[PDB]
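Below: structure.tsv (TSV, C-alpha atoms and all ligand atoms)
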chain	number	residue	atom	x	y	z
A	22	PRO	CA	6.69	-16.13	1.72
A	23	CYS	CA	4.97	-18.53	-0.68
A	24	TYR	CA	7.96	-20.81	-1.21
A	25	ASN	CA	10.67	-18.62	-2.78
A	26	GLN	CA	11.03	-15.48	-4.94
A	27	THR	CA	10.92	-13.29	-1.83
A	28	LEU	CA	14.57	-12.47	-1.07
A	29	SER	CA	15.17	-10.58	-4.32
A	30	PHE	CA	11.81	-8.83	-3.96
A	31	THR	CA	12.57	-7.54	-0.47
A	32	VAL	CA	16.11	-6.65	-1.57
A	33	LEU	CA	14.69	-4.45	-4.33
A	34	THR	CA	12.21	-2.99	-1.84
A	35	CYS	CA	15.04	-2.24	0.60
A	36	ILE	CA	17.23	-0.58	-2.05
A	37	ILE	CA	14.31	1.57	-3.22
A	38	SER	CA	13.61	2.44	0.42
A	39	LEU	CA	17.26	3.37	1.00
A	40	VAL	CA	17.27	5.84	-1.88
A	41	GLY	CA	13.87	6.94	-0.56
A	42	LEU	CA	15.16	8.01	2.84
A	43	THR	CA	18.21	9.51	1.13
A	44	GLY	CA	16.04	11.76	-1.04
A	45	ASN	CA	13.57	12.50	1.75
A	46	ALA	CA	16.41	13.44	4.11
A	47	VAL	CA	18.09	15.79	1.66
A	48	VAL	CA	14.80	17.47	0.69
A	49	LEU	CA	13.80	17.77	4.37
A	50	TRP	CA	17.17	19.33	5.23
A	51	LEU	CA	16.93	21.81	2.35
A	52	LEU	CA	13.29	22.81	2.81
A	53	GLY	CA	13.39	22.95	6.61
A	54	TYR	CA	15.90	25.80	6.83
A	55	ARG	CA	17.10	26.73	3.32
A	56	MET	CA	13.61	27.73	2.15
A	57	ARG	CA	10.88	30.33	2.67
A	58	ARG	CA	7.69	28.21	3.06
A	59	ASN	CA	5.81	30.24	0.49
A	60	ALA	CA	2.45	28.52	-0.05
A	61	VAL	CA	2.91	24.85	-1.04
A	62	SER	CA	6.47	24.11	0.07
A	63	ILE	CA	4.98	23.42	3.51
A	64	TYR	CA	2.99	20.60	1.90
A	65	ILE	CA	6.12	19.22	0.23
A	66	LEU	CA	7.99	19.49	3.53
A	67	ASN	CA	5.57	17.53	5.69
A	68	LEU	CA	4.78	15.12	2.85
A	69	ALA	CA	8.51	14.39	2.62
A	70	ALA	CA	8.64	13.90	6.39
A	71	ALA	CA	5.74	11.44	6.27
A	72	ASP	CA	7.38	9.70	3.32
A	73	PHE	CA	10.62	9.40	5.28
A	74	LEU	CA	8.57	7.73	8.01
A	75	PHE	CA	7.11	5.44	5.34
A	76	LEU	CA	10.39	4.23	3.86
A	77	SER	CA	11.94	3.95	7.33
A	78	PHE	CA	9.08	1.66	8.35
A	79	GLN	CA	9.61	-0.27	5.11
A	80	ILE	CA	13.26	-0.97	5.98
A	81	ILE	CA	12.17	-1.93	9.49
A	82	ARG	CA	9.48	-4.27	8.13
A	83	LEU	CA	10.87	-6.19	5.16
A	84	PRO	CA	14.11	-7.77	6.51
A	85	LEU	CA	12.09	-9.47	9.28
A	86	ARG	CA	10.03	-11.38	6.70
A	87	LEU	CA	12.89	-13.79	5.97
A	88	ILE	CA	14.11	-14.43	9.55
A	89	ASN	CA	12.14	-15.00	12.78
A	90	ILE	CA	8.60	-15.17	11.44
A	91	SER	CA	6.21	-13.99	14.15
A	92	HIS	CA	2.94	-13.22	12.31
A	93	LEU	CA	1.74	-10.75	14.96
A	94	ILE	CA	4.21	-7.87	15.14
A	95	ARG	CA	3.89	-7.87	11.34
A	96	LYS	CA	0.23	-6.97	11.72
A	97	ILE	CA	1.27	-4.28	14.17
A	98	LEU	CA	3.71	-2.70	11.71
A	99	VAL	CA	1.26	-2.68	8.81
A	100	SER	CA	-1.41	-1.26	11.11
A	101	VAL	CA	0.80	1.62	12.23
A	102	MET	CA	2.20	2.14	8.70
A	103	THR	CA	-1.35	2.67	7.45
A	104	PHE	CA	-1.24	6.11	9.11
A	105	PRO	CA	1.81	7.61	7.31
A	106	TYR	CA	0.49	6.19	4.02
A	107	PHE	CA	-2.83	7.95	4.55
A	108	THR	CA	-0.95	11.13	5.46
A	109	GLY	CA	1.12	10.95	2.28
A	110	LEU	CA	-1.88	10.37	0.04
A	111	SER	CA	-3.71	13.22	1.79
A	112	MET	CA	-0.74	15.52	1.18
A	113	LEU	CA	-0.58	14.55	-2.50
A	114	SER	CA	-4.29	15.28	-2.86
A	115	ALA	CA	-3.85	18.56	-0.97
A	116	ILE	CA	-1.01	19.61	-3.27
A	117	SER	CA	-3.08	18.76	-6.34
A	118	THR	CA	-6.19	20.63	-5.22
A	119	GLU	CA	-4.06	23.52	-3.92
A	120	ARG	CA	-2.36	23.98	-7.29
A	121	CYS	CA	-5.78	23.71	-8.93
A	122	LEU	CA	-7.14	26.46	-6.67
A	123	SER	CA	-4.08	28.63	-7.31
A	124	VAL	CA	-4.58	28.33	-11.07
A	125	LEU	CA	-8.36	28.79	-10.89
A	126	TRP	CA	-8.24	31.99	-8.79
A	127	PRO	CA	-4.69	33.40	-8.70
A	128	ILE	CA	-5.65	36.78	-7.23
A	129	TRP	CA	-7.38	35.18	-4.24
A	130	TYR	CA	-4.48	32.75	-3.83
A	131	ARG	CA	-1.76	35.40	-3.81
A	132	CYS	CA	-3.63	38.19	-1.98
A	133	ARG	CA	-6.69	36.98	-0.06
A	134	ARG	CA	-5.37	33.69	1.31
A	135	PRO	CA	-5.01	33.73	5.13
A	136	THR	CA	-1.31	32.86	4.65
A	137	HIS	CA	-1.69	30.26	7.41
A	138	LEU	CA	-4.34	28.00	5.85
A	139	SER	CA	-1.54	25.64	4.79
A	140	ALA	CA	-0.60	24.80	8.39
A	141	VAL	CA	-4.24	24.53	9.47
A	142	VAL	CA	-5.16	22.14	6.67
A	143	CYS	CA	-1.93	20.22	7.27
A	144	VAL	CA	-2.77	19.62	10.92
A	145	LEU	CA	-6.36	18.74	9.98
A	146	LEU	CA	-5.04	16.17	7.49
A	147	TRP	CA	-2.69	14.74	10.12
A	148	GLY	CA	-5.54	14.53	12.63
A	149	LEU	CA	-7.84	12.82	10.13
A	150	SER	CA	-4.97	10.43	9.37
A	151	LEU	CA	-4.96	9.55	13.06
A	152	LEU	CA	-8.62	8.81	12.41
A	153	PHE	CA	-9.69	6.39	9.65
A	154	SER	CA	-6.90	4.06	10.81
A	155	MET	CA	-9.55	1.71	12.28
A	156	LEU	CA	-10.52	0.00	9.02
A	157	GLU	CA	-9.42	-3.55	9.87
A	158	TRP	CA	-9.33	-2.97	13.65
A	159	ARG	CA	-12.65	-4.52	14.58
A	160	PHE	CA	-10.98	-5.37	17.90
A	161	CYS	CA	-12.75	-4.21	21.08
A	162	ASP	CA	-13.94	-1.09	19.23
A	163	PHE	CA	-17.25	-1.11	21.14
A	164	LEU	CA	-16.20	0.03	24.63
A	165	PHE	CA	-19.68	1.10	25.73
A	170	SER	CA	-22.63	0.86	20.11
A	171	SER	CA	-23.82	1.92	16.64
A	172	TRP	CA	-20.56	0.87	15.02
A	173	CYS	CA	-20.18	-1.09	11.78
A	174	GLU	CA	-19.13	-4.52	13.08
A	175	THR	CA	-17.44	-5.95	9.98
A	176	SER	CA	-18.51	-3.92	6.93
A	177	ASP	CA	-16.95	-0.64	8.09
A	178	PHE	CA	-16.21	1.11	4.80
A	179	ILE	CA	-15.76	4.66	6.13
A	180	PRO	CA	-11.94	4.65	5.71
A	181	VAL	CA	-12.55	3.24	2.23
A	182	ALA	CA	-14.88	6.17	1.62
A	183	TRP	CA	-12.15	8.56	2.79
A	184	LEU	CA	-9.57	6.94	0.50
A	185	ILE	CA	-11.89	7.00	-2.52
A	186	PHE	CA	-12.74	10.63	-1.73
A	187	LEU	CA	-9.04	11.49	-1.69
A	188	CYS	CA	-8.44	9.72	-5.00
A	189	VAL	CA	-11.47	11.27	-6.71
A	190	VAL	CA	-10.72	14.77	-5.41
A	191	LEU	CA	-7.13	14.52	-6.66
A	192	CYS	CA	-8.33	13.31	-10.06
A	193	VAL	CA	-10.99	16.02	-10.35
A	194	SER	CA	-8.53	18.72	-9.25
A	195	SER	CA	-6.04	17.65	-11.92
A	196	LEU	CA	-8.81	17.53	-14.53
A	197	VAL	CA	-10.09	20.99	-13.59
A	198	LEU	CA	-6.55	22.38	-13.73
A	199	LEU	CA	-6.11	20.90	-17.21
A	200	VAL	CA	-9.46	22.28	-18.38
A	201	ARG	CA	-8.65	25.77	-17.09
A	202	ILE	CA	-5.18	25.70	-18.66
A	203	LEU	CA	-6.52	24.42	-21.99
A	204	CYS	CA	-9.35	27.01	-22.04
A	205	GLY	CA	-7.14	30.10	-22.06
A	206	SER	CA	-4.32	31.90	-23.86
A	207	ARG	CA	-1.56	29.53	-24.95
A	208	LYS	CA	1.67	30.92	-23.53
A	209	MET	CA	2.94	27.45	-24.56
A	210	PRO	CA	5.16	26.06	-21.87
A	211	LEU	CA	2.55	23.37	-22.45
A	212	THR	CA	4.97	20.45	-22.34
A	213	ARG	CA	6.38	20.90	-18.84
A	214	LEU	CA	2.83	21.27	-17.52
A	215	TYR	CA	1.66	18.15	-19.39
A	216	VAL	CA	4.51	15.95	-18.17
A	217	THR	CA	4.35	17.03	-14.52
A	218	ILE	CA	0.59	16.55	-14.17
A	219	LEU	CA	0.69	13.26	-16.08
A	220	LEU	CA	3.58	12.00	-13.94
A	221	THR	CA	1.89	13.00	-10.68
A	222	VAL	CA	-1.39	11.34	-11.64
A	223	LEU	CA	0.42	8.24	-12.92
A	224	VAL	CA	2.57	7.89	-9.80
A	225	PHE	CA	-0.54	8.30	-7.65
A	226	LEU	CA	-2.74	5.76	-9.44
A	227	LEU	CA	-0.25	3.17	-10.73
A	228	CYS	CA	1.80	3.45	-7.51
A	229	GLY	CA	0.78	4.07	-3.93
A	230	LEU	CA	-2.95	3.68	-4.54
A	231	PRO	CA	-2.44	-0.09	-5.11
A	232	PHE	CA	-1.35	-0.36	-1.45
A	233	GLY	CA	-4.49	1.41	-0.25
A	234	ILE	CA	-6.85	-0.61	-2.41
A	235	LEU	CA	-4.97	-3.77	-1.38
A	236	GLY	CA	-5.58	-3.03	2.29
A	237	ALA	CA	-9.18	-2.12	1.50
A	238	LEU	CA	-10.13	-5.34	-0.25
A	239	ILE	CA	-7.93	-7.46	2.04
A	240	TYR	CA	-9.85	-6.30	5.11
A	241	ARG	CA	-13.21	-6.19	3.32
A	242	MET	CA	-12.72	-9.86	2.42
A	243	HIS	CA	-10.78	-11.44	5.27
A	244	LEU	CA	-8.02	-13.17	3.30
A	245	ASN	CA	-5.21	-14.84	5.27
A	246	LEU	CA	-2.84	-14.00	2.37
A	247	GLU	CA	-3.23	-17.74	1.49
A	248	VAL	CA	-0.55	-18.77	-1.06
A	249	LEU	CA	-2.30	-16.96	-3.91
A	250	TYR	CA	-1.96	-13.49	-2.34
A	251	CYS	CA	1.68	-13.71	-1.23
A	252	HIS	CA	2.77	-12.60	-4.72
A	253	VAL	CA	0.66	-9.47	-5.23
A	254	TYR	CA	1.18	-8.03	-1.74
A	255	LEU	CA	4.91	-7.76	-2.43
A	256	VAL	CA	4.18	-5.98	-5.72
A	257	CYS	CA	1.83	-3.53	-4.01
A	258	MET	CA	4.30	-2.85	-1.20
A	259	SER	CA	7.15	-2.20	-3.63
A	260	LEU	CA	4.93	0.03	-5.78
A	261	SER	CA	4.05	2.11	-2.71
A	262	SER	CA	7.74	2.22	-1.76
A	263	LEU	CA	8.75	3.42	-5.23
A	264	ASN	CA	5.97	6.04	-5.21
A	265	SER	CA	7.16	7.32	-1.84
A	266	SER	CA	10.77	7.24	-3.08
A	267	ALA	CA	10.09	9.27	-6.24
A	268	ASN	CA	7.63	11.59	-4.46
A	269	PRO	CA	10.32	14.05	-3.25
A	270	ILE	CA	11.92	14.00	-6.71
A	271	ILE	CA	8.95	15.22	-8.75
A	272	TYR	CA	7.95	17.91	-6.26
A	273	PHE	CA	11.32	19.37	-5.31
A	274	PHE	CA	14.27	18.13	-7.37
A	275	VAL	CA	12.67	18.83	-10.75
A	276	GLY	CA	12.12	22.43	-9.69
A	277	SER	CA	15.56	22.78	-8.12
A	278	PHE	CA	17.33	21.35	-11.18
A	279	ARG	CA	15.26	23.49	-13.57
A	280	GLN	CA	17.77	26.32	-13.06
B	1	LIG	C1	-3.18	0.31	3.99
B	1	LIG	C2	-4.10	-0.80	4.47
B	1	LIG	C3	-5.32	-0.21	5.14
B	1	LIG	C4	-5.84	1.00	4.35
B	1	LIG	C5	-7.34	0.85	4.24
B	1	LIG	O1	-7.82	-0.14	3.62
B	1	LIG	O2	-8.08	1.69	4.76
B	1	LIG	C6	-3.33	-1.64	5.51
B	1	LIG	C7	-4.11	-1.80	6.82
B	1	LIG	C8	-3.59	-3.18	7.45
B	1	LIG	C9	-2.66	-3.66	6.32
B	1	LIG	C10	-2.80	-5.11	6.06
B	1	LIG	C11	-2.72	-5.84	7.42
B	1	LIG	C12	-2.04	-7.15	7.34
B	1	LIG	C13	-2.13	-7.75	5.94
B	1	LIG	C14	-1.63	-9.20	6.01
B	1	LIG	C15	-0.09	-9.36	6.06
B	1	LIG	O3	0.41	-8.83	7.23
B	1	LIG	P1	2.01	-9.18	7.63
B	1	LIG	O4	2.02	-10.27	8.66
B	1	LIG	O5	2.68	-7.90	8.10
B	1	LIG	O6	2.73	-9.72	6.42
B	1	LIG	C16	0.54	-8.54	4.94
B	1	LIG	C17	0.10	-7.05	5.20
B	1	LIG	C18	-1.34	-6.89	4.97
B	1	LIG	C19	-1.69	-7.27	3.52
B	1	LIG	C20	-1.64	-5.34	5.15
B	1	LIG	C21	-1.96	-4.77	3.84
B	1	LIG	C22	-2.49	-3.33	3.84
B	1	LIG	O7	-1.42	-2.50	3.90
B	1	LIG	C23	-3.30	-3.05	5.11
B	1	LIG	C24	-4.72	-3.63	5.14

What does the file become when written as structure tokens?
Amino acid sequence: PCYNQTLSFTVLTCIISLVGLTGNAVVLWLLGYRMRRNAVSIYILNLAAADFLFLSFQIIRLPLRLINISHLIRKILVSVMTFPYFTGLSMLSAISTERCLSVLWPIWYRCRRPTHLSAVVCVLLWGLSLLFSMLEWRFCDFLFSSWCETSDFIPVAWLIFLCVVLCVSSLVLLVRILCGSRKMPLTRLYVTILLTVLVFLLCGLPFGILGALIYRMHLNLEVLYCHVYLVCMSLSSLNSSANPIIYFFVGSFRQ
């Protein structure tokens, strides 16, 4: 904490996290058994599970900032929490590109899909989220040699690839929709895509870019960067909290 203005910030973070696990738990309970796992609901299911892990780790992390400062276990929690965050961003990107592919070629999607590619790509995303967690961890990495000592920007490359592929998938979906017959439910489609892109860039992505440029330039959080880290953490928490809403509750409450 800089001097003050931290207790209310972590209280807001904790409340947002509480509603986050509430929503993630209800959506996980509904989709786990009261669902059919058609083609994308698997993505929503495991994304909601990873998000539940996220907000749970948030409620584990924040209340220890005010009492019993330790400065080491904190690094451990942010290090481990990097993995569920990467998983959640990967699942958001996968959902976006998967919807884009479904719209681009619907016949292939509905007929010629292997009907198990969802699980395969899900486990590949989880495995690659196990990887790329060694951005800041330049600690005893060389256990043997050709390894980027300090300027290791491969996880940054993965994150920027995820962001750009999500953006290009949304753009291609919009171009395909706007270059065809206008059935004109073209207000629900506008709002959902705009909301997903906005909640990915304005929220969530700030946490990733914060980690990226905080381990690229080794900043000790000084007293100048103890006010923006809280904002980034709460933005990521709110993104993870509202993530189940947009993808499941909007559809469920539509009828
Ligand atoms: C998501 C990114 C990595 C993603 C990436 O770039 O590929 C994660 C990785 C390690 C995380 C930082 C480690 C400790 C940083 C310093 C402080 O640590 P505390 O004692 O807990 O207050 C605050 C947390 C802190 C600002 C974390 C911010 C950010 O979330 C990081 C860098």

Name the residues in contact with segment 271-276 of chain A at a cut-off of 8 Å, using all atoms listed in the file, excluding same-chain residues fewer than 3 positions from it; report them as a PDB file with C-alpha atoms, keeping the file's coordinate frame.
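After the write, result.pdb holds the following:
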ATOM      1  CA  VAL A  48      14.800  17.470   0.690  1.00  0.00           C
ATOM      2  CA  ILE A  65       6.120  19.220   0.230  1.00  0.00           C
ATOM      3  CA  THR A 217       4.350  17.030 -14.520  1.00  0.00           C
ATOM      4  CA  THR A 221       1.890  13.000 -10.680  1.00  0.00           C
ATOM      5  CA  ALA A 267      10.090   9.270  -6.240  1.00  0.00           C
ATOM      6  CA  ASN A 268       7.630  11.590  -4.460  1.00  0.00           C
ATOM      7  CA  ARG A 279      15.260  23.490 -13.570  1.00  0.00           C
ATOM      8  CA  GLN A 280      17.770  26.320 -13.060  1.00  0.00           C
TER       9      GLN A 280
END

Q: Find the residues near ligand LIG 1 (chain B). Use a cut-off of 9 Å, count only C-alpha atoms and all ligand atoms, and write them as number ranges by chain.
A: A: 22, 82-83, 86, 90-104, 106-107, 153-158, 178-184, 232-241, 244-246, 250-251, 254-255, 257-258

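Between atom CA of residue 75 of chain A and atom CA of residue 262 of chain A lies a distance of 7.8 Å.
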
Q. By how many Å are atom CA of residue 122 of chain A and atom CA of residue 142 of chain A apart?
A. 14.2 Å

Q) So what do you get for atom CA of residue 253 of chain A versus atom CA of residue 23 of chain A, distance-wise? A) 11.0 Å

How big is the axis-aligned box around all listed atoms of segment 133-152 of chain A once 6 Å goes on each side, and where's its centre, in Å to one decimal, as AutoDock Vina command-line options?
--center_x -4.6 --center_y 22.9 --center_z 6.5 --size_x 20.0 --size_y 40.2 --size_z 25.1

**Q.** Selection near residue 108 of chain A, 8 Å with only C-alpha atoms, sequence-local residues under 6 positions removed, as a ChimeraX atom specification
**A.** /A:68,71,146-147,150

Can you sort out segment 130-149 of chain A so it carries N, CA, C and O atoms, written as a CSV table (one decimal), in the coordinates of the input?
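rebuild11.csv, written as the output of this step:
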chain,number,residue,atom,x,y,z
A,130,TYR,N,-5.6,33.5,-4.4
A,130,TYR,CA,-4.5,32.8,-3.8
A,130,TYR,C,-3.4,33.6,-3.3
A,130,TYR,O,-2.8,33.5,-2.2
A,131,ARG,N,-2.9,34.6,-4.1
A,131,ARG,CA,-1.8,35.4,-3.8
A,131,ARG,C,-2.1,36.5,-2.8
A,131,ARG,O,-1.2,36.9,-2.0
A,132,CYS,N,-3.3,37.1,-2.8
A,132,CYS,CA,-3.6,38.2,-2.0
A,132,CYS,C,-4.5,37.8,-0.8
A,132,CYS,O,-4.1,38.0,0.4
A,133,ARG,N,-5.6,37.2,-1.1
A,133,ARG,CA,-6.7,37.0,-0.1
A,133,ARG,C,-6.6,35.7,0.7
A,133,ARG,O,-7.5,35.4,1.5
A,134,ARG,N,-5.5,34.9,0.5
A,134,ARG,CA,-5.4,33.7,1.3
A,134,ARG,C,-4.9,34.1,2.7
A,134,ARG,O,-4.2,35.1,2.9
A,135,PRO,N,-5.4,33.4,3.8
A,135,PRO,CA,-5.0,33.7,5.1
A,135,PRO,C,-3.5,33.6,5.4
A,135,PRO,O,-3.1,34.0,6.5
A,136,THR,N,-2.8,33.0,4.5
A,136,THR,CA,-1.3,32.9,4.6
A,136,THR,C,-0.9,31.9,5.8
A,136,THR,O,0.2,31.7,6.1
A,137,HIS,N,-1.9,31.3,6.4
A,137,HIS,CA,-1.7,30.3,7.4
A,137,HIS,C,-2.6,29.1,7.2
A,137,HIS,O,-2.7,28.2,8.0
A,138,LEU,N,-3.4,29.1,6.1
A,138,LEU,CA,-4.3,28.0,5.8
A,138,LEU,C,-3.6,26.7,5.6
A,138,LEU,O,-4.1,25.6,5.8
A,139,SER,N,-2.3,26.8,5.1
A,139,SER,CA,-1.5,25.6,4.8
A,139,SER,C,-1.3,24.8,6.1
A,139,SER,O,-1.5,23.6,6.1
A,140,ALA,N,-0.9,25.5,7.1
A,140,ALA,CA,-0.6,24.8,8.4
A,140,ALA,C,-1.9,24.2,9.0
A,140,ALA,O,-1.9,23.1,9.5
A,141,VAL,N,-3.0,25.0,8.9
A,141,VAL,CA,-4.2,24.5,9.5
A,141,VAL,C,-4.7,23.3,8.7
A,141,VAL,O,-5.1,22.3,9.4
A,142,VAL,N,-4.7,23.3,7.4
A,142,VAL,CA,-5.2,22.1,6.7
A,142,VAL,C,-4.2,21.0,6.8
A,142,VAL,O,-4.6,19.8,6.8
A,143,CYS,N,-2.9,21.3,7.0
A,143,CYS,CA,-1.9,20.2,7.3
A,143,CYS,C,-2.2,19.5,8.6
A,143,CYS,O,-2.2,18.3,8.6
A,144,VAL,N,-2.5,20.3,9.6
A,144,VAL,CA,-2.8,19.6,10.9
A,144,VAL,C,-4.1,18.9,10.9
A,144,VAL,O,-4.3,17.9,11.5
A,145,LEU,N,-5.1,19.5,10.1
A,145,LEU,CA,-6.4,18.7,10.0
A,145,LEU,C,-6.2,17.4,9.2
A,145,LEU,O,-6.8,16.4,9.6
A,146,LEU,N,-5.3,17.4,8.2
A,146,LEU,CA,-5.0,16.2,7.5
A,146,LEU,C,-4.3,15.2,8.4
A,146,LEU,O,-4.6,14.0,8.4
A,147,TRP,N,-3.4,15.6,9.2
A,147,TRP,CA,-2.7,14.7,10.1
A,147,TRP,C,-3.7,14.2,11.1
A,147,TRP,O,-3.6,13.0,11.4
A,148,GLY,N,-4.6,15.0,11.7
A,148,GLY,CA,-5.5,14.5,12.6
A,148,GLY,C,-6.5,13.5,12.0
A,148,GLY,O,-6.9,12.5,12.7
A,149,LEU,N,-7.0,13.8,10.8
A,149,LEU,CA,-7.8,12.8,10.1
A,149,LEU,C,-7.1,11.6,9.7
A,149,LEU,O,-7.7,10.5,9.5
